[PDB]
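Colleague: Test case, fold it:
(chains A, B, C and D)
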Amino acid sequence: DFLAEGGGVXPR
Amino acid sequence: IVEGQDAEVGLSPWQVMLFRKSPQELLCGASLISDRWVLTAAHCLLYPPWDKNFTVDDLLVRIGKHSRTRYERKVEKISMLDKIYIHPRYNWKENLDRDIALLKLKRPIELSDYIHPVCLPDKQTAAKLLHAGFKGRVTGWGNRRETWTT
Amino acid sequence: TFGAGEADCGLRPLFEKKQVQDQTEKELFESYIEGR
Amino acid sequence: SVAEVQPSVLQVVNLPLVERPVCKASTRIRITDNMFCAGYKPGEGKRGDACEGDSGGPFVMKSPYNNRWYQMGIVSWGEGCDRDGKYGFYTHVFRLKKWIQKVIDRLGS
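Modeller: Numbers count the residues shown, from 1 in each chain, chains lettered A, B, ... in the order given. Next up is the structure itself:
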């Protein structure tokens, strides 16, 4: 889980 | 981009702007790798975690741009997409592996002083250029700082 | 594959084609030599 | 029209390639050969990183042999923007190149 480890896809 | 500077005009003729028809907004960056093919990240189009699944009729591609905001009359070429190709082994859940997608334009764009395709590496160049320590160049209309703001 | 796919690619009309260098292109060259 | 944070005109930044071990040690994520990281180390004083909105954009290198610009990566991800000890990640174009060939050359290459 990318999101769980703080990973961040690049506009919010 | 953080700690960058304003680009000279025509600096990155391969710079493409992925934009949404409705509502209108900057979606991502991309690169023209020929007059008909555009390269970008698979997550720019498909990212279920954020409920993102853009199809061909949601996006426009704006080539030849410098300014993020205004419509640049003489230089800018807006285009539509014929096809969309997301890498079949793209992994958005675990690690964002194979984060690559190709955008096929309705019809070939017309190159200019402001619109020119970049080269894709080849074995020899990859081997010679890809070394820790060696610098590369990034360009974009992204945010200047981490967000707690707009 | 080998170098140029388009033969014209990566050669910017306003720079490499006009023998003009951009402001920070030097930063890239400098990190080069054969240092890695 | 424009403000501060979102730039008015295209931005540029030259970043150094970071060695694979350092990239791996920098994150808890399962990095892959299909991606590389770049950016200055904390012991370097120089700052600079890609940030939200720069996604999909190119990471290019100018060849000192022939003078062509090659696209080496695609702005993929990172953990915030420009935090010391952190590095921006980029898709590995040369490694995914065979797939690029196959689809452009009509599902065969």
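Colleague: so what's the residue nearest in space to the middle of chain A bridging to?
Modeller: For chain A, the residue nearest the mean C-alpha position is residue A:8 (2.7 Å; CA atoms, centre = their mean). Note on residue A:8: beta-bridge partners residue D:78, judged by DSSP bridges.
Colleague: Tell me who's in contact with it.
Modeller: Neighbouring residues of residue A:8 by CB atoms under 8 Å, 6 or more residues apart in numbering or on different chains: D:77, D:78, D:79, D:80. All C-beta atoms are positioned from the backbone trio N, CA, C, and that covers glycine.
Colleague: do you know how far it is from chain C?
Modeller: Taking CB to the nearest CB, to the nearest Å as the measure, residue A:8 falls 27 Å from chain C.
Colleague: Could you do residue B:90 as well?
Modeller: From residue B:90 to chain C the distance is 24 Å (CB to the nearest CB).
Colleague: That residue reaches residue B:100, doesn't it?
Modeller: Yes. Here residue B:90 reaches residue B:100: they are 7.4 Å apart, a contact under CB atoms under 8 Å.
Colleague: Between the two, which contacts overlap?
Modeller: Residues touching both residue B:90 and residue B:100 (CB under 8 Å, 6+ apart): residue B:42.
Colleague: what helix or strand is residue D:98 on?
Modeller: Here residue D:98 sits within helix D:93-104, counting by DSSP states H and E.
Colleague: How about the contacts made by whatever residue of chain C ends up closest to chain B?
Modeller: Shortest chain C-to-chain B distance, computed as CB to the nearest CB: residue-wise this is residue C:36, at 3.5 Å. The contact partners of residue C:36, by CB under 8 Å, 6+ apart, come to B:131, B:132, B:133, B:134.
Colleague: Make sure I have this right: the first one is in a helix.
Modeller: To tie it back to what came earlier, the one meant is residue B:131. No. Under the criterion used here (DSSP: H, G, I helix; E, B strand; the rest coil), residue B:131 is coil, not part of a helix.
Colleague: My guess is it contacts residue D:18. True?
Modeller: No. At 10.8 Å, residue B:131 and residue D:18 do not qualify as touching, with contact defined as CB under 8 Å.
Colleague: Of the two, which one has the most company?
Modeller: Higher neighbour count among residue B:131 and residue D:18: residue D:18, with 19 against 15, using other CB atoms under 10 Å in any protein chain shown.
Colleague: Understood, closing this out.
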